[PDB]
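A.B. asks: I have a structure I would like to understand better, so I am pasting it below and will then ask my questions one at a time.
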Amino acid sequence: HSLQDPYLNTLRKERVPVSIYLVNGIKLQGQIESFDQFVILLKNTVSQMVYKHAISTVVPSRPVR
Amino acid sequence: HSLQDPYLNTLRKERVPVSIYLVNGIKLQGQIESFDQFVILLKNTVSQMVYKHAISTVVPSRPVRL
Amino acid sequence: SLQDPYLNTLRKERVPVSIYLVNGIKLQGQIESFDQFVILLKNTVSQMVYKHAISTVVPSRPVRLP
Amino acid sequence: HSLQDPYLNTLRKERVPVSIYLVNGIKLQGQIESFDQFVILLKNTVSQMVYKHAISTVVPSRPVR
Amino acid sequence: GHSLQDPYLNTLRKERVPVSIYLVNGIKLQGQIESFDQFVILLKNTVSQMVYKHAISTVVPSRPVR
Amino acid sequence: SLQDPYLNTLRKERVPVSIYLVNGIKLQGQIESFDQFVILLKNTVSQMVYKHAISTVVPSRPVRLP
């Protein structure tokens, strides 16, 4: 929405390394390649499709905006 | 959102420290910088975007007046 | 709708309740207010609880059902 | 809801004791007093409102048609 | 939409294929799909229990199906 | 949509993938088919996986992205 999109898009455009924490406790790390209404593609060695419904928090490695 | 929006907006506007408990049991702390229909941006020692679907409760450090 | 009048009765009559979360945690207090997605619980700890994180709402006494 | 509603209504009307297992593993028991799109009211000692999103299964104590 | 799910469940139902339904909490239910709608599946063995799809992780047939 | 073309690439190229569920369980195989709500995973035993129970889809090798 009005916050989530610009936030993720800024992270995407600025290629900021992020830590994505899943609801189960697992921590994912990488950079946001792209995202749509339901998923986020996290890129590194091999990219992976993360369902937003499985995400708890997105923590940037450095301050943004 | 007749209650949620005014509540979160008051916490935000008044810089009220809050504790956000996640469904998995993890406790997040800080002040609400902004929010929308699905996420809340928390800031202080660790700035982060929290998905509401992962939140169980939001406990203000002090009660909120609407 | 049954959820709304049920909650409104608990609210209006200031009935003490126990709100059990999906993670097993038990919250206690009286419902101060609520909307489509959240419930504001108050007494010992004032907090906004997301309904999506609630498993059950158990009143301390029987109440008029809708 | 061509199946859910008739099923729950049958259990409600016939007052069939049921076991409602929650997604977290807890087992609730009693009779279905009523239900709507999102919740089910279960009666035992005091009635409790159960959110369907927290329910995994509804198991009747005896078979029903 | 349901171009895969519906035909899949209906085939399992019509052919009475033994199936295992794994829930998100880890529970494994066994039996056969007797019926289903948009939100639930009726699984039959000892008694027919209603399973909410939201609580299901996977549906695994006892044998391949076409 | 980003999800559909991505899943379709995995499907068409028959790419080996790991599907991690929200409860931490790891499933392996390949995407045989999918619709708006489910994915058909093929390996030693085929199974229908509900997307709501999936946390991440990880291919065994880099693939073309949407």
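Positions of Cβ are backbone-derived with ideal geometry, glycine not excepted, and every protein chain shown enters the neighbour counts. The numbers here are math on the coordinates, done by the rules we state, and not lab data.
A.B. asks: Starting from a Cα-only point model with no solvent, please compute log10 I(q)/I(0) by Debye for chain B at q = 0.28 1/Å.
C.D. replies: Treating every Cα as an identical point scatterer, log10 I(q)/I(0) equals -1.49.
A.B. asks: What does the charge count around B:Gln31 come to, taking other residues whose C-beta lies under 14 Å from its C-beta (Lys +1, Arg +1, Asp -1, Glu -1)?
C.D. replies: The answer is +3.
A.B. asks: Run the simple label-point estimate for C:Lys12 and E:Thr46 please: 7 Å along Cα→C-beta, distance reported in nm.
C.D. replies: In this crude spin-label approximation the distance works out to 4.3 nm.
A.B. asks: Could I ask something else about it? Using the Kirkwood radius over C-alpha pairs as Rh, can you work out the diffusion coefficient of chain C via Stokes-Einstein at 4 °C, viscosity 1.567 mPa s, in µm² per second?
C.D. replies: 110 µm²/s
A.B. asks: Once the Cβ-Cβ distance between A:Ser61 and A:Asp36 is put in as r, and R0 is 30 Å, what FRET efficiency do you end up with, to the nearest 0.05?
C.D. replies: Efficiency, from the Cβ-Cβ distance: 0.80.
A.B. asks: Any idea what log10 I(q)/I(0) is at q = 0.07, 0.08, 0.13 Å⁻¹ for the protein assembly as shown, Debye with uniform C-alpha scatterers and no solvent?
C.D. replies: -0.35, -0.47, -1.17
A.B. asks: Could you work out the mean count of beta carbons from other protein chains within 10 Å of each residue's beta carbon in B:43-54?
C.D. replies: 6
A.B. asks: May I ask which of D:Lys27/D:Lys52; F:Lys26/F:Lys51; C:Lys12/D:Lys43; A:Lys27/B:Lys27; E:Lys14/E:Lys44 have a Cα-Cα span longer than 19 Å here?
C.D. replies: Check vs 19 Å cut-off fails for C:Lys12/D:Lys43.
A.B. asks: Now for a separate question. How much net charge surrounds B:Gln4 when only other residues with a Cβ under 15 Å from its Cβ are counted (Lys, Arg +1; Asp, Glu -1)?
C.D. replies: The answer is 0.
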